[PDB]
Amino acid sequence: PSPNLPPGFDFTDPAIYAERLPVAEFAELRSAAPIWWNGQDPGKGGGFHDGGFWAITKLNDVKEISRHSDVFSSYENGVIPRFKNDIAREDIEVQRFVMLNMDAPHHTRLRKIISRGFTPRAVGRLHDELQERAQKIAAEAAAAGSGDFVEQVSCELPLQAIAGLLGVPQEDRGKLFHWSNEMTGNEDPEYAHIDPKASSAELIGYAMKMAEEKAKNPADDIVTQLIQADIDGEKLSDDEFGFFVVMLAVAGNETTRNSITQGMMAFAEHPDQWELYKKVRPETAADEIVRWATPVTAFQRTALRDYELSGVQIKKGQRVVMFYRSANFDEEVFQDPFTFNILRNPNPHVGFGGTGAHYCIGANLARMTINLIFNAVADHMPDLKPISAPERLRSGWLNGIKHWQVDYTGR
């Protein structure tokens, strides 16, 4: 029995996500075809010209793929499942220079070096400054009475986390945030004029200059840790640091931002959860917010050899697309997945990916950011109420909210 889906439906179709999350369609696959070939017509494969991909909709299959990185490659085709249909293959293969799109052993060496910048000590050291900034952001927004929750609440704190992690001076954070914002969303008409190619080049150039400068004058931020050789002589080259910063500018910006926006959207839809949050302030809320928001709808892998996955024969060279948005509502794993429950514990969501070599290195920085900003929202605008429906982002792999008008005072 084939799944009940519109003909030619592509789960990476940006025109879908500009309007809605295809929640019913994902649930139909989970019930009727949990691993399903998503065919793609000629020239409509978002930069990939192989006829289609395997849609992966169950959490256990997402985890099995993520664990078997020896078979399911990030390097072969990158992990972004959709670009502009016209993108040149060389523009996809340039993504291989960031650690996200690397396989072992190159990924193994890089991740070990990058780990110096994401130790619990390195992240926890940002706590106090990010808490202060979260409080000031929410106070400034509440003083405005009403406005765009996305721009006035969700946007700044994730960017300040990247800036503080890297130790970017305050006078430079303006153009750093601009470059980071010009990296994503260019298939939405609102961002048709952004140039991620130019921005990534500017980010790399800025980052190399910063690596050269930071080598001359070490400090305590992670940049010194990254470019300092260890006992084995391992360190980031200047351009390697540049590719790290470009990855960070994307990895930590719109992901946490959209978790914040869609976390508040869930709170507006479930006022009992919001009342419970304001009273208890449970930090388990962050993980339920990420599960609910699933800012990365999907990442892909490519099979390096034949592999049988849950009774389905994946053939060498074929792409599998891990739909975290489907897996995070898998009825087999979650008790009442469609109930927003900020006390859910344990919460084995795959919003940060499936356990494995590429698991989000900034997951705890993200959770801290989310907890600090929602404590600040609760402190300064506890009676927030939405004014109109959110405006969704036209993207085939990012689940984004561009704008969301709310009344911070409630009256």
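Numbering starts at 1 and follows the sequence shown. In this text, the rigid core denotes the largest set of C-alpha atoms whose superposition between the two forms falls within 1.5 Å.
**Student:** Comparing C-alpha positions in 9 other deposited structures of this protein against this form, with the rigid core used for the fit, which stretch differs more, 206-214 or 183-191?
**Tutor:** Once the core is superposed, the stretch further away in 9 other deposited structures of this protein is 183-191.
**Student:** If you line up the core and then measure how far each C-alpha sits from this form in 9 other deposited structures of this protein, which stretch comes out higher, 192-200 or 289-297?
**Tutor:** Of the two stretches, the larger average C-alpha offset in 9 other deposited structures of this protein falls on 192-200.
**Student:** Does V245 go missing in at least one third of the other entries compared here?
**Tutor:** No, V245 is modelled in every one of the other compared entries that cover both of its flanks.
**Student:** Taking the other compared PDB entries with both flanking residues modelled, is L126 unmodelled in at least a third?
**Tutor:** Residue status for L126: no gap in any other entry.
**Student:** Between 384-392 and 16-24, which has the higher average C-alpha B-factor in the PDB entry?
**Tutor:** Here the higher of the two C-alpha B-factor means belongs to 384-392.
**Student:** So, looking at the entry's B-factor column for Cα atoms, which has the higher mean, 83-91 or 167-175?
**Tutor:** Higher mean C-alpha B-factor: 167-175.
**Student:** By the CA temperature factor listed in this entry, which of these ranks top: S115, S154, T297, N328?
**Tutor:** Within the set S115, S154, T297, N328, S115 shows the top C-alpha B-factor.
**Student:** Can you tell me which of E254, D103, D336, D287 has the highest Cα temperature factor in the record?
**Tutor:** That would be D336.
**Student:** Splitting the chain's C-alpha B-factors into thirds, which one does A378 fall into?
**Tutor:** Tercile = highest for this residue's CA B-factor.
**Student:** Classify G124 as lowest, middle or highest third according to the C-alpha B-factor given in the PDB entry, relative to its own chain.
**Tutor:** As the PDB entry reports it, the C-alpha B-factor of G124 lands in the highest third of its chain.
**Student:** Should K316 be placed in the lowest, middle or highest third of its chain by the C-alpha B factor in the entry?
**Tutor:** Middle third.
**Student:** Going by the CA temperature factor in the PDB record, which third of the chain does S31 belong to: lowest, middle or highest?
**Tutor:** Top third by C-alpha B-factor.
**Student:** Tell me, lowest, middle or highest third: where does the Cα B factor of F149 rank within its chain?
**Tutor:** It falls in the bottom third of the chain.
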